[PDB]
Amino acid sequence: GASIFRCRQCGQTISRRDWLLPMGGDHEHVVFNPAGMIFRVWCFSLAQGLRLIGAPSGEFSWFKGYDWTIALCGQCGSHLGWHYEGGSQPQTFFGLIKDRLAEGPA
């Protein structure tokens, strides 16, 4: 019905509703970057079709204990969110910008 998440700009397969991850009790986190941009972030245990840019950085990380790398759509290059690593339980996860994805059938 609506179990697959694709890149909104090009349709690249990214994630699934089954792979949503409740972090802090909720898979949705609203955050701001240092430029004041608001993001409605959904946390996923797993994702595909991305391209992770650069090396991890902990600066300004919204999630305690985690370092982030920019995650672009591997197909069109749109900024879809961030990959997080270096933490504990889980050690890694994806934070994806909800409004840059499109939900649909398998």
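Note that residue numbering begins at 1 and tracks the sequence as displayed.
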According to the deposited model, is the average Cα temperature factor higher in 31-39 or in 71-79?
31-39
Can you let me know which of the two, 20-28 or 92-100, has the higher average C-alpha B-factor in the entry?
20-28
Taking the entry's C-alpha B-factors for this chain, is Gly86 in the lowest, middle or highest third?
middle
With respect to C-alpha B-factor, does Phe60 fall in the lowest, middle or highest third of the chain as deposited?
highest
Give the position of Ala106 by CA B-factor within its chain, expressed as the lowest, middle or highest third.
highest
Lowest, middle or highest third of the chain for the C-alpha temperature factor of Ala2?
highest
